[PDB]
Amino acid sequence: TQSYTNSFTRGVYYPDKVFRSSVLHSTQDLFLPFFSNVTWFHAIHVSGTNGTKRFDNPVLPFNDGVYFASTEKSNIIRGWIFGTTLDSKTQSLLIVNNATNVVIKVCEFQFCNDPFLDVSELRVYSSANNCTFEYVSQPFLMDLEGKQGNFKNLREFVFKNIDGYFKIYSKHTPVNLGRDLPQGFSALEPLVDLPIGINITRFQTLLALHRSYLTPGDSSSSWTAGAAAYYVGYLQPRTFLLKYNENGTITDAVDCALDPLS
Amino acid sequence: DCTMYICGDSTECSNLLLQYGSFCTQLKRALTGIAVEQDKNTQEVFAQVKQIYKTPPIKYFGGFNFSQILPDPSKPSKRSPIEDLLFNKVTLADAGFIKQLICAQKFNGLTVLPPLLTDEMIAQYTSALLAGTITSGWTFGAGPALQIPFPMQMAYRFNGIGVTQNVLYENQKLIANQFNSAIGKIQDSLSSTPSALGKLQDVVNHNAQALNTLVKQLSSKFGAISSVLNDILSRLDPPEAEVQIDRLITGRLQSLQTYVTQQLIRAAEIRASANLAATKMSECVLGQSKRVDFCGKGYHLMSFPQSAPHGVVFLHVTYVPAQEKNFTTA
Amino acid sequence: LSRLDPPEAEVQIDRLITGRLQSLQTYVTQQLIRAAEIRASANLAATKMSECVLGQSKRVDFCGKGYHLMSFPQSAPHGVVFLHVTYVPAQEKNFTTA
Amino acid sequence: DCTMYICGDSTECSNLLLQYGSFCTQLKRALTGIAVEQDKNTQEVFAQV
Amino acid sequence: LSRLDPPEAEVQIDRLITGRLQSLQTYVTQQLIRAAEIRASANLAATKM
Amino acid sequence: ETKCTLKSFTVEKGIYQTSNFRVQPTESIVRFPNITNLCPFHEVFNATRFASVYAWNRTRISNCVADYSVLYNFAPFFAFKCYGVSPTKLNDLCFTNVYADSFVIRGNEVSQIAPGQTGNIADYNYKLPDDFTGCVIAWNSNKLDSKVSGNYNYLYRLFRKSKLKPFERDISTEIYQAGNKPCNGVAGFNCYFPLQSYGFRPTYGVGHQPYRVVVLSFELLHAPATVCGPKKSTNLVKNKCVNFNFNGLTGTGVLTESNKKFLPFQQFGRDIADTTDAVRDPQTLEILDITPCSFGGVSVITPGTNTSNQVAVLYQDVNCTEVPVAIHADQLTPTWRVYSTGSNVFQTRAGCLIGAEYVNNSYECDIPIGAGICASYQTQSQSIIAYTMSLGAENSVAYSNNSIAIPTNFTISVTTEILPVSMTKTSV
Amino acid sequence: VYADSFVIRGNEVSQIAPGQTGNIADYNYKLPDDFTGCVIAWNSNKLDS
Amino acid sequence: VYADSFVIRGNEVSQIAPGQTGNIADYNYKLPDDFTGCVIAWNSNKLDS
Ligand SMILES: *[C@@H]1O[C@H](CO)[C@@H](O[C@@H]2O[C@H](CO)[C@@H](O)[C@H](O)[C@H]2NC(C)=O)[C@H](O)[C@H]1NC(C)=O
Ligand SMILES: *[C@@H]1O[C@H](CO)[C@@H](O[C@@H]2O[C@H](CO)[C@@H](O)[C@H](O)[C@H]2NC(C)=O)[C@H](O)[C@H]1NC(C)=O
Ligand SMILES: *[C@@H]1O[C@H](CO)[C@@H](O[C@@H]2O[C@H](CO)[C@@H](O)[C@H](O)[C@H]2NC(C)=O)[C@H](O)[C@H]1NC(C)=O
Ligand SMILES: *[C@@H]1O[C@H](CO)[C@@H](O[C@@H]2O[C@H](CO)[C@@H](O)[C@H](O)[C@H]2NC(C)=O)[C@H](O)[C@H]1NC(C)=O
Ligand SMILES: *[C@@H]1O[C@H](CO)[C@@H](O[C@@H]2O[C@H](CO)[C@@H](O)[C@H](O)[C@H]2NC(C)=O)[C@H](O)[C@H]1NC(C)=O
Ligand SMILES: *[C@@H]1O[C@H](CO)[C@@H](O)[C@H](O)[C@H]1NC(C)=O
Ligand SMILES: *[C@@H]1O[C@H](CO)[C@@H](O)[C@H](O)[C@H]1NC(C)=O
Ligand SMILES: *[C@@H]1O[C@H](CO)[C@@H](O)[C@H](O)[C@H]1NC(C)=O
Ligand SMILES: *[C@@H]1O[C@H](CO)[C@@H](O)[C@H](O)[C@H]1NC(C)=O
Ligand SMILES: *[C@@H]1O[C@H](CO)[C@@H](O)[C@H](O)[C@H]1NC(C)=O
Ligand SMILES: *[C@@H]1O[C@H](CO)[C@@H](O)[C@H](O)[C@H]1NC(C)=O
Ligand SMILES: *[C@@H]1O[C@H](CO)[C@@H](O)[C@H](O)[C@H]1NC(C)=O
């Protein structure tokens, strides 16, 4: 299913690698505007075995990056797909994680859906034809358990491809108690940066379809309500004025293009 | 200092700036003139007296209570309760007290020279002329101080504005009570008002903002690859660095020119205000002023100045005709 | 212009000319402020003439120190010098008043 | 306004000028001070009552 | 920007922009002095009133 | 120094500012990362299958000490022009990451690849951004990439729907519409193959011979630096003024173990001056605080030159218990330092004074200093004495409720008020 | 648009420029300082030998 | 007037200049930054082969 929500104030990272304290520095970049539209998405898959077929996967546009937020039990969401034109006519991205590993490729992948027959590989591409770049190492996401589901982890990702150097800004905020995107402010820091060289305007995600649960089905659309537990938001070039805490973190930042007061 | 503010400890950039001519000796002369001008402003405003007077050990002025304006020995700065209140009201930024984070940041040659008259002798000047004006009236503004009783001086001040002595000598208790109430409530007004020392606060804040903008101007590429001379001189080559550094320098020099040009105008304004304050002292403090609406509103009686951060505050004592009645005249 | 050639002489002349023009701008800007100061002093001197010279001034410590009697101005190079004649109460004696 | 007077609706020129630092916020502050100063002059001269 | 290419267009723009910015600086500097004079005259007029 | 800073052999009474004093660095410390594995540059430069321009090969460089001086024998180097980073002292820089892109182009377009260049290749096959830092190597490869029949191994695009952003690839085999006429893989008339033959012949003259080009892209933006030059790392010193060269960032100042909390991805720090305040030691991952030398202004307090030749130096806003006394040859810029800094020391809120002693007496003060202190020339037998300014003659009145003072005689006094009314009119 | 074509020696191929002085640039073909347009130069040793 | 004559490689023909750093420009022949005069360079492959 699909539903809408209000991003409130969220999606602010450190543009630069310079340490600041009690500084009101401002900077302009692909920032998620405050109080914007963030769209839920859900992959209903409880009757997949009883025929039916999922039939629930769109091609999310990527224009000027994508903001990502989700709450998975352990590893429900593993990776993403970027690129354009889908077919081997043009390249694509295959960011995907496993255990303590990440493998990403810029190879001309032709596919149709996003499964991997795991909870393995394949099912998400059929062309290792003219691959250009490969990457490995530590995964973006480190799971931490509070011994219960009340402390739902929130995994805030911001993706950018300005002249390569893929942005994987990530942070863990397990203080959530059930409310969707709770009121408050958090900073956001990168992990890895590497150019890929590709015109990206398509975006998709990977779900652990071989064993899925809690996927209600309905006809919710056009600003309706529906449980999806998976967030996507688009960035636009925005000037941001950031307050750096005396310790060095970010306490609060104000947009420069939303309200006259801002 | 142009050398440090323009080319931080870089020999080649100092050599590049030396060719610009006497373009910063003039800059130093301008700011030295501004500094000596500020010292002259303060000394001209406050040092209107040749001798420092002391208040009598007893404090009787015919019911008049000068406790809020006369200095108290209990406080360690020897300032009046209202004078100290003015100091507390003005959040001073810097005064040059061997600081060795905004002020400490300025390892860019932007130093604040402390004023010649410290705020322990400006208060002495204020107390001296207060003793003069409350024990000798205007007589100490002309020659030697002529010791006269305060009720007599007040009756003379009333005679100055066409009220005659009999009014004061028949209402002295009422006048003393009214004066004490006004002196009591002026401190409360200054304390509880949102911002009354707006002029002094703006005077401090304008200089603070000018210095902050000068500091922030140190990163403008001005058409250069970077705003750091050390990285430019580690990255480029002397000939290419020559123009690149020179371009960054001419930009920074123009930025400093803007600061000194604004400071010249601000100092001219502050000198105009200091001349106004000096005339105000000489007229209102050292005698009665027949100029209307000059020393406060209403008919003027006298004034008491109070030491204030980067300024002076007068306490104009004025006669207001209050409630009136209609009559028939011919 | 004897050493270089027009193509690069132009930009060299442009750099020299903008530097010299900014130098002249600085002089003119300082002269404007100095002339504003001199006009303030000239207005003060004109008021001083009108008040002290053309009559007695009751303003205290305006026309000299002490009670003012009259003044005589004297021409000076790029200025004026006043000779304020003032009454000073000089030596005094204590008394008893009621 | 420095942006319009200096780089008429040109994005690249606005980006070039942005690097010049706080070199026109100060310019705006000076003229805003002049404007409020003119208002204060008029009100101080006339509103004596 | 229609004729030249970014490399030399930028330096050309930089030269034009610094010239125009200094021209605006001159106007603001003169306005500051003129406003100081007008404030002196306004103070004189207020005292006169 | 005063007679020099103001061009006059005669100096009258007054306090003059001359220059500043800076503690000179003792030694230079370099902390380039402890790498030795030379990254492969020969494999990039001297290859036999240089990719075509339309599909430029991009090679990543990782932790390595790259000496940009052993590559001069790897290529003919027809042109080695470089951008903001200059190849002269390029071995003294530390890069976050270095990228080399290698391809082949024609002679007339060898200068076409550059920031903001518009044409066929620079717009449709390889576009460099305007802010691109790094530089391009170009040399003729006519002797190797020549075919008598035809060198049909290189390609380049000609037709695209729109422009191209910088630093990406448009490697694709589709059919250009070239109008409303629709085509489906036919590649017939009105629909031309975007890649067309790029054959090379040895008989071609200059401007048409193949030009194998490798362009190196740098990102020296202040960030964790890896690829670095062959600069020997020295021992680290604290609490002493040195010329640090941390990862290509030079400067001067004292370095203290800092209490900063640089996040793992943070390398350099920034105060509100846009200058580096804290740095991370790359060979130790320890955070260092950068504070400049114990500088300060110098003011010379002197009487008239025809009264004495003895002056009193007052340092601006600096306690005379640390650096003002600390002095050595080639340690402080003011070499006039023959002043003892141990005789006649007057600690003042305006910075300490050297050369004058405190006098308990207070007189009218001639040469202003600040904080209620002025120095003047006094006969002991002549020396400069700094004292507290005398506010005025102490006086007391005899206020009495019944007493009054009244003058019995007067004194007529005439004063002078010197008021300028005009300045020298001039015209330029 | 005006195209002028001729042949010159190698050492003087850069001599044809605004404000250049020498033999050809002063006696045979002089370009004005304010000249807008540009010069195309290529070797023709294979044909003109 | 002083003339200095030597021979160098092609990739380093532009290396001799005020403030250039490398092998020859730093170890064999360095020209000062304030150097006035100019350098003449031509290929001598036909003779020095
Ligand atoms: C995560 O998945 C990747 C494939 O998506 C796998 O990568 C293998 O890593 C091991 C590590 O030594 C190699 O020996 C294999 O050859 C890799 N396989 C492939 C297909 O490349 C592996 O399952 C995980 N990655 C790891 C463990 O690094
Ligand atoms: C993508 O991979 C395919 C795999 O076959 C390549 O297809 C052939 O590659 C050979 C290379 O020697 C060419 O001679 C053929 O013309 C290709 N056949 C086609 C394109 O139908 C293909 O070349 C690869 N593409 C790229 C850009 O490398
Ligand atoms: C490229 O690398 C090869 C090594 O694969 C080297 O080839 C040498 O070239 C020189 C010059 O002709 C010969 O004298 C050597 O005998 C060659 N060695 C080998 C092992 O082939 C050299 O570094 C480079 N060659 C070219 C032609 O650029
Ligand atoms: C593009 O160009 C290089 C150099 O021609 C190609 O060569 C290989 O690059 C990889 C690195 O990815 C090396 O490990 C190999 O040793 C190189 N040679 C061979 C024969 O594989 C490579 O295809 C591209 N390099 C990239 C993408 O980095
Ligand atoms: C990425 O590739 C897609 C391919 O569809 C481009 O989309 C086309 O762009 C051209 C040029 O603007 C136009 O014909 C249309 O906007 C798109 N065509 C179709 C058929 O949809 C897209 O522009 C490319 N991205 C970038 C940044 O160039
Ligand atoms: C979000 O989108 C829905 C429909 O797409 C619209 O009704 C709603 O007003 C939007 N809200 C915001 C804050 O943009
Ligand atoms: C900030 O720093 C102080 C002292 O270093 C510490 O007590 C406090 O916990 C810090 N706050 C954080 C880390 O949020
Ligand atoms: C300067 O010396 C005084 C007197 O010892 C001391 O109190 C003050 O702290 C010193 N300054 C600094 C910055 O420590
Ligand atoms: C080398 O540097 C690394 C950090 O990158 C660390 O192991 C240590 O500081 C150094 N080790 C040795 C053996 O020099
Ligand atoms: C300097 O002073 C000496 C003695 O005090 C005197 O003879 C001489 O004329 C003076 N010179 C000047 C230029 O004042
Ligand atoms: C100054 O006063 C105090 C004690 O009265 C002390 O510093 C010193 O003894 C005095 N010095 C002189 C020269 O009297
Ligand atoms: C004035 O009267 C008060 C109150 O009696 C007394 O304390 C004071 O000493 C008197 N002053 C003189 C000197 O007459």
# chains A, B, ... in the order shown; residues from 1 in each chain; ligands from 1
>>> residues_near_ligand(ligand="ligand 12", cutoff="9 Å", atoms="only C-alpha atoms and all ligand atoms", output="ChimeraX atom specification")
/B:56-62,149 /F:398-403
>>> closest_atom_pairs(of="chain F", to="ligand 3", cutoff="7 Å", atoms="only C-alpha atoms and all ligand atoms", output="tab-separated table")
residue	atom	partner	partner_atom_place_in_ligand_line	distance
F:46	CA	ligand 3	1 (C)	4.9
F:47	CA	ligand 3	1 (C)	6.6
F:74	CA	ligand 3	28 (O)	6.8
>>> write_last_selection(atoms="C-alpha atoms", output="PDB file, in the first residue's frame")
ATOM      1  CA  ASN F  46      51.648   3.245 -19.888  1.00  0.00           C
ATOM      2  CA  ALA F  47      48.901   0.958 -21.176  1.00  0.00           C
ATOM      3  CA  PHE F  74      56.272   7.436 -18.464  1.00  0.00           C
TER       4      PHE F  74
END
>>> interface_residues(of="chain E", to="chain D", cutoff="8 Å", atoms="only C-alpha atoms", output="list in words")
residues 10, 13, 14, 17, 20, 21, 28, 32, 35, 39, 42, 43, 45, 46 and 49 of chain E
>>> write_last_selection(atoms="N, CA and C atoms", output="JSON list (two decimals), in the first residue's frame")
[["chain", "number", "residue", "atom", "x", "y", "z"],
["E", 10, "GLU", "N", 34.00, 33.71, -15.85],
["E", 10, "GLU", "CA", 34.03, 33.93, -14.38],
["E", 10, "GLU", "C", 34.95, 35.10, -14.04],
["E", 13, "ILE", "N", 33.47, 38.24, -15.13],
["E", 13, "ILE", "CA", 32.40, 38.55, -14.20],
["E", 13, "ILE", "C", 32.97, 39.06, -12.89],
["E", 14, "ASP", "N", 34.06, 38.45, -12.42],
["E", 14, "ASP", "CA", 34.66, 38.88, -11.16],
["E", 14, "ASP", "C", 35.13, 40.33, -11.26],
["E", 17, "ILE", "N", 32.16, 42.60, -11.31],
["E", 17, "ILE", "CA", 31.44, 42.58, -10.05],
["E", 17, "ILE", "C", 32.18, 43.38, -9.00],
["E", 20, "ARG", "N", 31.62, 47.06, -9.90],
["E", 20, "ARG", "CA", 30.27, 47.52, -9.55],
["E", 20, "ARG", "C", 30.08, 47.57, -8.04],
["E", 21, "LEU", "N", 30.65, 46.61, -7.32],
["E", 21, "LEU", "CA", 30.56, 46.59, -5.86],
["E", 21, "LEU", "C", 31.27, 47.79, -5.25],
["E", 28, "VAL", "N", 27.30, 54.25, -0.95],
["E", 28, "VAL", "CA", 26.93, 54.05, 0.44],
["E", 28, "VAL", "C", 27.79, 54.92, 1.36],
["E", 32, "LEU", "N", 26.36, 57.78, 3.86],
["E", 32, "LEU", "CA", 26.61, 57.81, 5.30],
["E", 32, "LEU", "C", 26.99, 59.21, 5.76],
["E", 35, "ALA", "N", 23.99, 61.54, 5.47],
["E", 35, "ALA", "CA", 23.03, 61.29, 6.54],
["E", 35, "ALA", "C", 23.54, 61.81, 7.87],
["E", 39, "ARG", "N", 21.54, 64.52, 9.93],
["E", 39, "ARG", "CA", 21.24, 64.34, 11.34],
["E", 39, "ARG", "C", 21.74, 65.52, 12.17],
["E", 42, "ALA", "N", 19.20, 68.09, 11.57],
["E", 42, "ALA", "CA", 17.96, 67.74, 12.25],
["E", 42, "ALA", "C", 18.06, 67.97, 13.75],
["E", 43, "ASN", "N", 19.23, 67.70, 14.34],
["E", 43, "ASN", "CA", 19.45, 68.03, 15.74],
["E", 43, "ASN", "C", 19.39, 69.54, 15.95],
["E", 45, "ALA", "N", 17.67, 71.62, 14.11],
["E", 45, "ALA", "CA", 16.27, 72.00, 13.96],
["E", 45, "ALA", "C", 15.44, 71.59, 15.18],
["E", 46, "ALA", "N", 15.77, 70.45, 15.79],
["E", 46, "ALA", "CA", 15.05, 70.03, 16.99],
["E", 46, "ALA", "C", 15.33, 70.96, 18.15],
["E", 49, "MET", "N", 13.40, 74.13, 17.43],
["E", 49, "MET", "CA", 12.00, 73.98, 17.82],
["E", 49, "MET", "C", 11.84, 74.11, 19.32]]
>>> residues_around(residues="residue 309 (chain B)", least_positions_apart="6", cutoff="12 Å", atoms="only C-alpha atoms", output="ChimeraX atom specification")
/B:42,83-95,115,117-120,122-123,197-204
>>> select_by_dssp(residues="region 16-83 of chain A", states="strand (DSSP E or B)", output="list in words")
residues 18, 19, 26, 27, 28, 29, 30, 31, 37, 38, 39, 40, 41, 60, 61, 66, 67, 68, 69, 70, 77, 78, 79, 80, 81, 82 and 83 of chain A
>>> residues_near_ligand(ligand="ligand 11", cutoff="12 Å", atoms="only C-alpha atoms and all ligand atoms", output="count of residues only")
9
>>> closest_atom_pairs(of="chain F", to="ligand 4", cutoff="9 Å", atoms="only C-alpha atoms and all ligand atoms", output="Markdown table")
| residue | atom | partner | partner_atom_place_in_ligand_line | distance |
| --- | --- | --- | --- | --- |
| F:43 | CA | ligand 4 | 4 (C) | 6.6 |
| F:44 | CA | ligand 4 | 4 (C) | 5.5 |
| F:45 | CA | ligand 4 | 4 (C) | 8.5 |
| F:46 | CA | ligand 4 | 5 (O) | 9.0 |
| F:47 | CA | ligand 4 | 5 (O) | 6.2 |
| F:48 | CA | ligand 4 | 5 (O) | 7.6 |
| F:49 | CA | ligand 4 | 5 (O) | 5.9 |
| F:50 | CA | ligand 4 | 5 (O) | 5.7 |
| F:51 | CA | ligand 4 | 2 (O) | 6.8 |
| F:56 | CA | ligand 4 | 1 (C) | 7.7 |
| F:57 | CA | ligand 4 | 1 (C) | 4.0 |
| F:58 | CA | ligand 4 | 27 (C) | 5.4 |
| F:59 | CA | ligand 4 | 28 (O) | 3.7 |
| F:60 | CA | ligand 4 | 28 (O) | 5.8 |
| F:61 | CA | ligand 4 | 28 (O) | 8.9 |
| F:100 | CA | ligand 4 | 28 (O) | 8.9 |
| F:101 | CA | ligand 4 | 2 (O) | 8.2 |
| F:102 | CA | ligand 4 | 2 (O) | 7.2 |
>>> residues_near_ligand(ligand="ligand 10", cutoff="12 Å", atoms="only C-alpha atoms and all ligand atoms", output="VMD selection string")
chain F and resid 9 to 13 303 to 309
>>> interface_residues(of="chain F", to="chain G", cutoff="9 Å", atoms="only C-alpha atoms", output="PyMOL selection string")
chain F and resi 205-207
>>> closest_residue(among="A:67, A:116, A:40, A:169", to="ligand 1", atoms="only C-alpha atoms and all ligand atoms")
A:116
>>> residues_around(residues="residue 240 (chain F)", least_positions_apart="2", cutoff="7 Å", atoms="only C-alpha atoms", output="PyMOL selection string")
chain F and resi 237-238+242+254-255
>>> residues_near_ligand(ligand="ligand 1", cutoff="9 Å", atoms="only C-alpha atoms and all ligand atoms", output="count of residues only")
14
>>> interface_residues(of="chain B", to="chain D", cutoff="6 Å", atoms="only C-alpha atoms", output="list in words")
residues 217, 220 and 222 of chain B
>>> write_last_selection(atoms="N, CA and C atoms", output="tab-separated table (two decimals), in the first residue's frame")
chain	number	residue	atom	x	y	z
B	217	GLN	N	35.20	38.43	7.20
B	217	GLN	CA	35.68	38.74	5.85
B	217	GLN	C	36.95	37.99	5.49
B	220	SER	N	36.80	35.15	2.04
B	220	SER	CA	36.14	35.46	0.79
B	220	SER	C	37.16	35.20	-0.29
B	222	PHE	N	37.25	36.04	-3.18
B	222	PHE	CA	37.46	37.25	-3.97
B	222	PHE	C	37.90	36.92	-5.39
>>> residues_near_ligand(ligand="ligand 7", cutoff="12 Å", atoms="only C-alpha atoms and all ligand atoms", output="JSON, numbers by chain")
{"A": [21, 245, 246, 247, 248, 249, 250, 251], "F": [258, 259, 260, 261, 263]}
>>> write_last_selection(atoms="N, CA and C atoms", output="mmCIF file, in the first residue's frame")
data_model
loop_
_atom_site.group_PDB
_atom_site.id
_atom_site.type_symbol
_atom_site.label_atom_id
_atom_site.label_comp_id
_atom_site.auth_asym_id
_atom_site.auth_seq_id
_atom_site.Cartn_x
_atom_site.Cartn_y
_atom_site.Cartn_z
ATOM 1 N N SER A 21 31.787 24.853 16.978
ATOM 2 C CA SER A 21 31.196 24.921 18.342
ATOM 3 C C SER A 21 30.575 26.303 18.566
ATOM 4 N N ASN A 245 26.250 22.790 18.518
ATOM 5 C CA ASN A 245 26.227 22.802 19.971
ATOM 6 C C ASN A 245 27.616 23.101 20.529
ATOM 7 N N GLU A 246 27.641 23.525 21.795
ATOM 8 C CA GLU A 246 28.912 23.800 22.459
ATOM 9 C C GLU A 246 29.786 22.554 22.496
ATOM 10 N N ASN A 247 29.156 21.386 22.640
ATOM 11 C CA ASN A 247 29.938 20.123 22.575
ATOM 12 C C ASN A 247 30.487 19.956 21.157
ATOM 13 N N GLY A 248 29.665 20.252 20.146
ATOM 14 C CA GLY A 248 30.105 20.130 18.742
ATOM 15 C C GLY A 248 29.027 19.520 17.864
ATOM 16 N N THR A 249 27.938 19.031 18.467
ATOM 17 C CA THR A 249 26.879 18.396 17.695
ATOM 18 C C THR A 249 25.962 19.474 17.120
ATOM 19 N N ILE A 250 24.842 19.058 16.537
ATOM 20 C CA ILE A 250 23.846 19.975 15.994
ATOM 21 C C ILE A 250 22.617 19.914 16.889
ATOM 22 N N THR A 251 22.212 21.068 17.416
ATOM 23 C CA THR A 251 21.030 21.146 18.268
ATOM 24 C C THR A 251 19.776 21.432 17.447
ATOM 25 N N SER F 258 44.011 18.584 22.420
ATOM 26 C CA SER F 258 42.734 19.272 22.504
ATOM 27 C C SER F 258 41.648 18.358 23.053
ATOM 28 N N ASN F 259 40.603 18.979 23.598
ATOM 29 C CA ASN F 259 39.433 18.271 24.092
ATOM 30 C C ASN F 259 38.301 18.235 23.073
ATOM 31 N N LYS F 260 38.674 18.414 21.803
ATOM 32 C CA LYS F 260 37.669 18.348 20.715
ATOM 33 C C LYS F 260 37.181 16.907 20.574
ATOM 34 N N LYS F 261 36.070 16.719 19.876
ATOM 35 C CA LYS F 261 35.460 15.407 19.686
ATOM 36 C C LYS F 261 35.181 15.158 18.211
ATOM 37 N N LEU F 263 34.325 13.768 14.950
ATOM 38 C CA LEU F 263 33.695 12.520 14.556
ATOM 39 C C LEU F 263 34.591 11.784 13.560
#
>>> residues_around(residues="residue 47 (chain A)", least_positions_apart="2", cutoff="12 Å", atoms="only C-alpha atoms", output="ChimeraX atom specification")
/A:43-45,49-55,209-217
>>> write_last_selection(atoms="C-alpha atoms", output="PDB file, in the first residue's frame")
ATOM      1  CA  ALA A  43       5.195  -4.374  -0.085  1.00  0.00           C
ATOM      2  CA  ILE A  44       2.103  -6.542   0.702  1.00  0.00           C
ATOM      3  CA  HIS A  45       3.301 -10.201   0.617  1.00  0.00           C
ATOM      4  CA  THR A  49       2.098 -18.467  -1.958  1.00  0.00           C
ATOM      5  CA  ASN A  50      -1.692 -18.620  -2.443  1.00  0.00           C
ATOM      6  CA  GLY A  51      -1.369 -17.322  -5.985  1.00  0.00           C
ATOM      7  CA  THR A  52      -2.370 -13.647  -5.970  1.00  0.00           C
ATOM      8  CA  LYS A  53       1.188 -12.397  -6.691  1.00  0.00           C
ATOM      9  CA  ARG A  54       2.531  -9.260  -4.992  1.00  0.00           C
ATOM     10  CA  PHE A  55       1.867  -6.768  -7.831  1.00  0.00           C
ATOM     11  CA  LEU A 209      10.057 -11.362   0.600  1.00  0.00           C
ATOM     12  CA  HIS A 210      10.851 -15.018   1.289  1.00  0.00           C
ATOM     13  CA  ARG A 211       9.474 -14.448   4.815  1.00  0.00           C
ATOM     14  CA  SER A 212       7.323 -11.332   5.280  1.00  0.00           C
ATOM     15  CA  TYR A 213       4.612 -10.369   7.795  1.00  0.00           C
ATOM     16  CA  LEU A 214       2.379  -7.465   8.851  1.00  0.00           C
ATOM     17  CA  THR A 215       1.499  -6.326   5.313  1.00  0.00           C
ATOM     18  CA  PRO A 216      -2.197  -5.206   5.339  1.00  0.00           C
ATOM     19  CA  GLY A 217      -3.909  -4.692   1.998  1.00  0.00           C
TER      20      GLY A 217
END
>>> select_by_dssp(residues="region 150-254 of chain B", states="helix (DSSP H, G or I)", output="ChimeraX atom specification")
/B:150-160,165-192,198-216,229-235,238-254
>>> closest_residue(among="C:46, C:4, C:16, C:81", to="residue 19 (chain G)", atoms="only C-alpha atoms")
C:4
